[PDB]
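Student: I am attaching a structure below and will ask some questions about it afterwards.
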Amino acid sequence: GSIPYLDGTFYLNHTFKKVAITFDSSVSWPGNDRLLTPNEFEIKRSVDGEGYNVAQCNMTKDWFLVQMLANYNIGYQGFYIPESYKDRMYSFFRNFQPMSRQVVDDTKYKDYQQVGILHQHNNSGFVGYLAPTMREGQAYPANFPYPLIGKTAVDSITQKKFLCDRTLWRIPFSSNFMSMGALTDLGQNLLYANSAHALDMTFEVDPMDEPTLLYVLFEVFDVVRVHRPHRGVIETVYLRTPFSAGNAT
Amino acid sequence: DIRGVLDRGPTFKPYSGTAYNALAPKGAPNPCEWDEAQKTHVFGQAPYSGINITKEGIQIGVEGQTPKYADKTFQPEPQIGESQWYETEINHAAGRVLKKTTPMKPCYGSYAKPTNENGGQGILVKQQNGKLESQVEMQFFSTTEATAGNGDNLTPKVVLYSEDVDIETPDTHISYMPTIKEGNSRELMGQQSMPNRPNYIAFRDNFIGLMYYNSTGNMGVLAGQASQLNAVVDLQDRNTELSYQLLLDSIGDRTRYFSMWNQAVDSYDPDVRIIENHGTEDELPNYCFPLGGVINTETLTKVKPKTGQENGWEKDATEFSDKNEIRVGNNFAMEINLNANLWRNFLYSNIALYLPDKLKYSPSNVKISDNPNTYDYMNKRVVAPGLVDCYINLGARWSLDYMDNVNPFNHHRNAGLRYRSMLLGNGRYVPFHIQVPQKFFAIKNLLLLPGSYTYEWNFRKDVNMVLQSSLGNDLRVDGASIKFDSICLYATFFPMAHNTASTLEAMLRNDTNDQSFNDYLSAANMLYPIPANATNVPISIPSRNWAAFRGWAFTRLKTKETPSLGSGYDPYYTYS
Amino acid sequence: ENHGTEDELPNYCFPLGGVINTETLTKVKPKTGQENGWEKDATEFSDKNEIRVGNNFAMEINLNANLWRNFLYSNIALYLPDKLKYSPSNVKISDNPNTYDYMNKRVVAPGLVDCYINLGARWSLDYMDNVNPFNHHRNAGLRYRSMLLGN
Amino acid sequence: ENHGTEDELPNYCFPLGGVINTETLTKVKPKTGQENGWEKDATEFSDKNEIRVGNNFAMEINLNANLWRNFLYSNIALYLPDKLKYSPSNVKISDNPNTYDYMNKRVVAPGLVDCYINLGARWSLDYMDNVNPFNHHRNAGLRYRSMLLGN
Amino acid sequence: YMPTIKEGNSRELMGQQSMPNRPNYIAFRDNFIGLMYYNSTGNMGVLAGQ
Ligand SMILES: [Ca+2]
Ligand SMILES: [Ca+2]
């Protein structure tokens, strides 16, 4: 089938739960108490007490702000639909879908009765039995699913989630999560270019029953220079920083 | 930022059609039994096959050598029958049936809650000791000719389990009632059902009506902490919401949807307002054949030539059975017309129902309401499909005369409306949590500077204003409700460097760098009344100055759909 | 562009009343005393009760294939070159091949274009390559200009 | 995005010949000189005629629901995760869970996804979130690149 | 649907029912992905002065 690692067809972004980053194992990098939560970016809440969801979904406000900033420099002066030419096929805003629904509350509805698949006989007398084969059975009032509307509705609870495929999650290495140029202001500061550091990242994701892979792209500078001093001769020089790879006399 | 509890009322139905036994023919009844002049009659079906029948029930298997019988609570299920298409002989059939206490409804759209995990429905009752015990009776039937004789053998042939469910219909209604007289009787077997009209409900676009604008009674306040000098002054005729709509249209695209501000644009279908009627493509017929291929066969016997007789045709059954089945001629088949029916259903469902009320007529033998705003009245009227059939204004791009002045946004294909309704879920009780923007022009883009301010506002709790409703039911009557729980205010600060921010403040406090703001609509609004069947409206304006005018812009509205902004609560506004 | 049709499930009709092949029966109750004894009971139930044994009558039809077949015959097969059609029988027809009547009363067998031609292949019939594709009844512009004058 | 279907009217199918339940009848003319009573007549009318009494016989079918159900079963229910299907009976099947044969011969109950799931609710089935949505036959690009090579 | 596991032709076998196979396209990828080796030190390409 389609290989996401090659042709860019991703469908699992909606299963991350939180991310934490630390330089030198003791200094957190949201920096200097920026975010609403103290030490990490929270990308989805199940149970909220203080109301941090946005867009009628389950995405913390923050993460929404971080993505909008890092993709369109939008968010410090109110949110609005970005222009068409700045919103490509693989962008973030084109591929956001919030969804919600209601279901029966078993613990509260006093007549709840779990019925499996083997014993649901709606549309009974004019359709096959657990197969697309010939019709069977007699006609009879149905017993599934519980009504949710009308004057005899049942009690219910609500579930919310979101879907966001075809795009990567982004975190820019700037001071204020903006795109002010290719070479960021924090990639030049003396502290991050005249010493060394150790990096620790911690992801928390929802579980799946199959071995999986976590895909990380460190955005770096990769440059080639080409020189042609004579007839039929060509020399090249490669640079890739920070993750250097090359010889040194 | 707002949270709370919303109750959309018992007239919320977001889907066309129904959801139970939708495939059943709209006239077929349920297995029932009733009373006549006093004896009882029974009508029903028996699909299940068995092995042997005794007075304990119907055997369904052997456990060792001991027979095992049916479990009278959920045994033979309504959806299990035979499997081979070609009919065979069965001698020990069983089935279910409803007692005579339960009212009779058509199969179409009939529901009854389950009462035990296995999946059976039957009203449990109290025993003498505190306990709930089911009550299902058994009734046996034998062949008429067998009883028309002597009870030498007289073995039963069919077994019926009779019960009594708590039947109910949540979304359909009766479209034909043969007899007013109540109770179970022979006549009521003829009734027919049809589904209720779809009806969405949601918050409006951009949360119009949730905040109080242009009402000097409850004007908002934004002021210096110690000055107590209001900075927002609003007149009673500076319409604000429409201006925001126009501005949003002008500065950017509009067809796209942004969920955060509930930003979806109301719109009608481009093919419902105007009826492009090309007819249908039905050159070929579209028959339908018998499940078995052919069912009118006849019996025949193999015959072989004789020898020395020039015709001696003689019988022969040494290898071929004497009786074989064969069909002569073509096979039985019935006809339909597909595209005509599809087009006719579309026309009836999308145009015929939404006609002006003056063409419909009240039904017969069915009780109806009186407030012509209630959902009940809007739903139980009937309209003859002859007004708009598959042959109206053929070959013409045209719109019906009646449907011209009828609002086309009150509909069930208003994509914005259905999107906003689905965005809250399909239930009836919704805990909601939303964010609401700010639209006043003098503080829409104002850039504040260090200090302490007081900021206070007002919100509506009326249900006719803040919730739309594709039809118009006066939602105050229909029991809708909305209760606020808590509010919070959010703000975002650019992390600007300290000295640069100080310089910016110092430059921006010089009185030559004040701020200027202009409304987008930028006009004064006046409404005048027009009585019924009028034709001429004169208006006047007394002498005054006219410097720096710009022009006129007019339109026309129905009075039934225009609230009385300027007071806390307008009890005479029943539409939505 | 021929993907075929999606017809995994059958689409059966059903008798107007729900069942029409019933048969008569008489109520019987277990005779007390002797085991396996039964006797006629008519004190409360009529001697004529109608019951159906087994499934109910129903006829089968295929929907998606029929729709696609109708579309294919209507919008392509008719517009084939005149050299493939053949004159009808026992019906008077014109002789001027440019008339409306001649174009109308000629018949063309559906077998030339059915729901099984070039399955799965994005293709156009060689016959229709050299026939004007704008002389058609789906030409949106022509339809609009015709409706503008009236009907 | 399940809005239900528009089926406010019944769609019937009538007998091929118009009516099939005819019955025989015989002409009759009023007897004169009695103010009542009648008599037979065979001077001009054949004594055998066929006539139907009451309406004609027709069967019913709900149309839109069948199409919606076909689409729903064909484009979703098959692609469910393999842990919800049960192997068939009396059919030899492969055992390698990647072959086309095994992916084809597993069966799945329609009741899992019918015309009434999450009614009126814009939602996506949980079982289908973590299943690749680009492996499909409505994947337009794949279908195009497949038809380009031929059929 | 196979009513009986027997072989040959018998009365029961008349009841079986058929059903179509699932559709399944096969073609080259997008942009001919995978048709040329990249980023593999085993089979690195060469473009160089003769
Ligand atoms: Ca016969
Ligand atoms: Ca015979």
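Labels for the structure tokens follow display order: chains A, B, ..., residues from 1 in each chain, ligands from 1.
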Could you please tell me, as an MDAnalysis selection string, which residues of chain D have an atom within 12 Å of chain B when using only C-alpha atoms?

Tutor: chainID D and resid 1:20 57:69 111 114:123

Student: Return as an mmCIF file with C-alpha atoms, in the first residue's frame the residues of protein, DNA or RNA that approach ligand 2 to within 7 Å, with only C-alpha atoms and all ligand atoms taken into account.

Tutor:
```
data_model
loop_
_atom_site.group_PDB
_atom_site.id
_atom_site.type_symbol
_atom_site.label_atom_id
_atom_site.label_comp_id
_atom_site.auth_asym_id
_atom_site.auth_seq_id
_atom_site.Cartn_x
_atom_site.Cartn_y
_atom_site.Cartn_z
ATOM 1 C CA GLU B 298 -45.645 -27.375 -14.894
ATOM 2 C CA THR B 299 -45.066 -31.115 -14.682
ATOM 3 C CA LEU B 300 -44.012 -33.303 -17.608
#
```

Student: Point out the residue among D:128, D:51, D:93, D:76 with the least atom-to-atom distance to chain A, counting only C-alpha atoms.

Tutor: D:128

Student: Could you give me, as an MDAnalysis selection string, every polymer residue with an atom at most 12 Å away from an atom of ligand 1, counting only C-alpha atoms and all ligand atoms?

Tutor: chainID B and resid 295:300 323:327

Student: Could you write out that same residue set with N, CA, C and O atoms as a PDB file, in the first residue's frame?

Tutor:
```pdb
ATOM      1  N   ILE B 295     -41.376 -19.375 -11.430  1.00  0.00           N
ATOM      2  CA  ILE B 295     -42.236 -19.976 -10.419  1.00  0.00           C
ATOM      3  C   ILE B 295     -43.544 -20.514 -10.976  1.00  0.00           C
ATOM      4  O   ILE B 295     -44.383 -20.976 -10.204  1.00  0.00           O
ATOM      5  N   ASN B 296     -43.757 -20.475 -12.287  1.00  0.00           N
ATOM      6  CA  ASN B 296     -44.995 -20.957 -12.889  1.00  0.00           C
ATOM      7  C   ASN B 296     -44.780 -22.248 -13.670  1.00  0.00           C
ATOM      8  O   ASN B 296     -45.354 -22.447 -14.741  1.00  0.00           O
ATOM      9  N   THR B 297     -43.956 -23.141 -13.135  1.00  0.00           N
ATOM     10  CA  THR B 297     -43.600 -24.355 -13.846  1.00  0.00           C
ATOM     11  C   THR B 297     -44.773 -25.330 -13.881  1.00  0.00           C
ATOM     12  O   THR B 297     -45.742 -25.217 -13.129  1.00  0.00           O
ATOM     13  N   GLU B 298     -44.668 -26.306 -14.779  1.00  0.00           N
ATOM     14  CA  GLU B 298     -45.645 -27.375 -14.894  1.00  0.00           C
ATOM     15  C   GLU B 298     -44.912 -28.702 -15.020  1.00  0.00           C
ATOM     16  O   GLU B 298     -43.721 -28.751 -15.338  1.00  0.00           O
ATOM     17  N   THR B 299     -45.644 -29.783 -14.764  1.00  0.00           N
ATOM     18  CA  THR B 299     -45.066 -31.115 -14.682  1.00  0.00           C
ATOM     19  C   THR B 299     -45.147 -31.823 -16.027  1.00  0.00           C
ATOM     20  O   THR B 299     -46.123 -31.671 -16.763  1.00  0.00           O
ATOM     21  N   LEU B 300     -44.116 -32.607 -16.335  1.00  0.00           N
ATOM     22  CA  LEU B 300     -44.012 -33.303 -17.608  1.00  0.00           C
ATOM     23  C   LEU B 300     -43.324 -34.646 -17.409  1.00  0.00           C
ATOM     24  O   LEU B 300     -42.655 -34.883 -16.400  1.00  0.00           O
ATOM     25  N   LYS B 323     -41.837 -37.437 -13.256  1.00  0.00           N
ATOM     26  CA  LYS B 323     -42.330 -36.081 -13.055  1.00  0.00           C
ATOM     27  C   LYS B 323     -41.159 -35.111 -13.043  1.00  0.00           C
ATOM     28  O   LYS B 323     -40.270 -35.218 -12.193  1.00  0.00           O
ATOM     29  N   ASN B 324     -41.168 -34.164 -13.976  1.00  0.00           N
ATOM     30  CA  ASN B 324     -40.152 -33.129 -14.049  1.00  0.00           C
ATOM     31  C   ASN B 324     -40.821 -31.775 -14.207  1.00  0.00           C
ATOM     32  O   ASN B 324     -41.931 -31.676 -14.729  1.00  0.00           O
ATOM     33  N   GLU B 325     -40.136 -30.730 -13.761  1.00  0.00           N
ATOM     34  CA  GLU B 325     -40.671 -29.378 -13.798  1.00  0.00           C
ATOM     35  C   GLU B 325     -40.093 -28.632 -14.987  1.00  0.00           C
ATOM     36  O   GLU B 325     -38.900 -28.754 -15.277  1.00  0.00           O
ATOM     37  N   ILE B 326     -40.935 -27.865 -15.672  1.00  0.00           N
ATOM     38  CA  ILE B 326     -40.511 -27.135 -16.860  1.00  0.00           C
ATOM     39  C   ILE B 326     -41.449 -25.958 -17.066  1.00  0.00           C
ATOM     40  O   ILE B 326     -42.655 -26.061 -16.833  1.00  0.00           O
ATOM     41  N   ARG B 327     -40.891 -24.833 -17.500  1.00  0.00           N
ATOM     42  CA  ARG B 327     -41.667 -23.639 -17.801  1.00  0.00           C
ATOM     43  C   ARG B 327     -41.717 -23.428 -19.305  1.00  0.00           C
ATOM     44  O   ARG B 327     -40.686 -23.504 -19.980  1.00  0.00           O
TER      45      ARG B 327
END
```

Student: Restricting the calculation to only C-alpha atoms, which member of A:63, A:29, A:76, A:162 is positioned closest to chain D?

Tutor: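 Using only C-alpha atoms, the shortest distance to chain D belongs to A:162.
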
Student: Provide as an NGL selection string the residues of chain D at most 7 Å from chain E, counting only C-alpha atoms.

Tutor: :D and (90 or 104 or 137 or 143 or 145-146)

Student: Restricted to N, CA, C and O atoms, what would the selected residues look like written as a PDB file, in the first residue's frame?

Tutor:
```
ATOM      1  N   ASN D  90     -18.094 -24.194   5.224  1.00  0.00           N
ATOM      2  CA  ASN D  90     -18.127 -25.114   4.088  1.00  0.00           C
ATOM      3  C   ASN D  90     -17.413 -24.548   2.867  1.00  0.00           C
ATOM      4  O   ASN D  90     -17.738 -24.897   1.732  1.00  0.00           O
ATOM      5  N   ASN D 104     -10.452 -11.667   0.689  1.00  0.00           N
ATOM      6  CA  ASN D 104     -11.704 -11.640  -0.046  1.00  0.00           C
ATOM      7  C   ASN D 104     -12.779 -12.495   0.604  1.00  0.00           C
ATOM      8  O   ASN D 104     -13.942 -12.092   0.642  1.00  0.00           O
ATOM      9  N   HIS D 137     -10.637   2.019  -3.155  1.00  0.00           N
ATOM     10  CA  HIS D 137     -10.915   2.006  -4.579  1.00  0.00           C
ATOM     11  C   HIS D 137     -11.601   3.278  -5.042  1.00  0.00           C
ATOM     12  O   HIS D 137     -11.863   3.423  -6.238  1.00  0.00           O
ATOM     13  N   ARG D 143      -6.773   5.170  -8.966  1.00  0.00           N
ATOM     14  CA  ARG D 143      -7.600   4.665 -10.051  1.00  0.00           C
ATOM     15  C   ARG D 143      -7.153   5.233 -11.390  1.00  0.00           C
ATOM     16  O   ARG D 143      -7.138   4.524 -12.402  1.00  0.00           O
ATOM     17  N   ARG D 145      -4.044   6.348 -12.215  1.00  0.00           N
ATOM     18  CA  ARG D 145      -2.773   5.746 -12.600  1.00  0.00           C
ATOM     19  C   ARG D 145      -2.934   4.275 -12.938  1.00  0.00           C
ATOM     20  O   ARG D 145      -2.061   3.695 -13.587  1.00  0.00           O
ATOM     21  N   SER D 146      -4.030   3.653 -12.508  1.00  0.00           N
ATOM     22  CA  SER D 146      -4.266   2.267 -12.889  1.00  0.00           C
ATOM     23  C   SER D 146      -4.900   2.172 -14.263  1.00  0.00           C
ATOM     24  O   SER D 146      -4.557   1.289 -15.052  1.00  0.00           O
TER      25      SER D 146
END
```

Student: Set the distance at 9 Å and use only C-alpha atoms: which residues neighbour residue 185 of chain A once local chain neighbours fewer than 2 positions away are removed? I'd like the list as an mmCIF file with C-alpha atoms, in the first residue's frame.

Tutor:
```cif
data_model
loop_
_atom_site.group_PDB
_atom_site.id
_atom_site.type_symbol
_atom_site.label_atom_id
_atom_site.label_comp_id
_atom_site.auth_asym_id
_atom_site.auth_seq_id
_atom_site.Cartn_x
_atom_site.Cartn_y
_atom_site.Cartn_z
ATOM 1 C CA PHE A 173 13.013 26.859 17.536
ATOM 2 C CA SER A 174 12.335 30.577 17.891
ATOM 3 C CA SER A 175 11.896 32.813 20.901
ATOM 4 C CA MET A 180 10.999 35.856 11.131
ATOM 5 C CA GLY A 181 13.552 34.371 8.723
ATOM 6 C CA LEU A 183 18.112 31.540 10.452
ATOM 7 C CA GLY A 187 20.066 29.446 16.527
ATOM 8 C CA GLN A 188 22.606 32.267 16.632
ATOM 9 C CA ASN A 189 22.660 33.188 20.319
#
```

Student: Just list as a PyMOL selection string whatever in segment 13-232 of chain A DSSP marks as helix (DSSP H, G or I).

Tutor: chain A and resi 13-15+61-72+93-95+124-126+190-192

Student: Quick one: everything within 10 Å of residue 31 of chain C, counting only C-alpha atoms, minus sequence neighbours fewer than 3 positions away in the same chain. Send it as a ChimeraX atom specification.

Tutor: /B:55,151 /C:28,34-41

Student: Would you pick out the contacts of residue 46 of chain C at 10 Å or less, using only C-alpha atoms, so that residues sharing its chain but fewer than 5 positions from it are not included, and give the list as an mmCIF file with C-alpha atoms, in the first residue's frame?

Tutor:
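Saved as result_12.cif:
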```
data_model
loop_
_atom_site.group_PDB
_atom_site.id
_atom_site.type_symbol
_atom_site.label_atom_id
_atom_site.label_comp_id
_atom_site.auth_asym_id
_atom_site.auth_seq_id
_atom_site.Cartn_x
_atom_site.Cartn_y
_atom_site.Cartn_z
ATOM 1 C CA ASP B 35 -61.705 -8.956 19.435
ATOM 2 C CA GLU B 36 -64.949 -9.076 17.469
ATOM 3 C CA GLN B 38 -67.086 -11.673 21.745
ATOM 4 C CA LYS B 39 -64.394 -13.817 20.130
ATOM 5 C CA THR B 40 -60.738 -13.356 19.232
ATOM 6 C CA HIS B 41 -59.049 -13.387 15.829
ATOM 7 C CA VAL B 42 -55.331 -13.741 15.118
ATOM 8 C CA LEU C 25 -55.914 -22.816 11.088
ATOM 9 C CA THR C 26 -57.899 -23.750 14.202
ATOM 10 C CA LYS C 27 -56.923 -23.272 17.839
ATOM 11 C CA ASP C 41 -60.964 -25.019 21.528
#
```

Student: Hey, list the chain E side of the contact with chain A: 8 Å cut-off, only C-alpha atoms, answer as a ChimeraX atom specification.

Tutor: /E:1,17,30,33,48-50

Student: Could you dump the residues just selected with N, CA and C atoms as a CSV table (one decimal), in the first residue's frame?

Tutor:
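Once everything was written out, this is result.csv:
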```
chain,number,residue,atom,x,y,z
E,1,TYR,N,-22.8,-18.8,0.0
E,1,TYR,CA,-23.6,-19.7,0.8
E,1,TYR,C,-23.5,-21.1,0.2
E,17,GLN,N,-25.7,-19.5,-3.5
E,17,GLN,CA,-25.8,-18.2,-3.9
E,17,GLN,C,-24.4,-17.6,-4.2
E,30,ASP,N,3.0,7.0,-7.4
E,30,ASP,CA,3.1,8.4,-7.8
E,30,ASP,C,4.5,8.8,-8.0
E,33,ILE,N,7.8,6.7,-7.5
E,33,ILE,CA,8.6,6.5,-6.3
E,33,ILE,C,9.1,5.1,-6.2
E,48,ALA,N,30.2,12.3,-12.6
E,48,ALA,CA,31.6,12.8,-12.4
E,48,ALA,C,32.3,13.0,-13.7
E,49,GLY,N,33.3,13.9,-13.6
E,49,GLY,CA,34.2,14.1,-14.8
E,49,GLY,C,34.9,12.8,-15.2
E,50,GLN,N,34.9,12.6,-16.5
E,50,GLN,CA,35.4,11.3,-17.0
E,50,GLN,C,36.8,11.0,-16.6
```

Student: Produce a table with one row for each residue of chain E that has an atom at most 9 Å from any atom of chain B, each row naming the nearest atom pair and its distance in Å at one decimal; use only C-alpha atoms; arrange rows by chain and rising residue number; format as JSON lines.

Tutor:
```
{"residue": "E:3", "atom": "CA", "partner": "B:84", "partner_atom": "CA", "distance": 8.0}
{"residue": "E:12", "atom": "CA", "partner": "B:84", "partner_atom": "CA", "distance": 8.9}
{"residue": "E:14", "atom": "CA", "partner": "B:86", "partner_atom": "CA", "distance": 8.6}
{"residue": "E:15", "atom": "CA", "partner": "B:84", "partner_atom": "CA", "distance": 5.4}
{"residue": "E:16", "atom": "CA", "partner": "B:84", "partner_atom": "CA", "distance": 7.8}
```
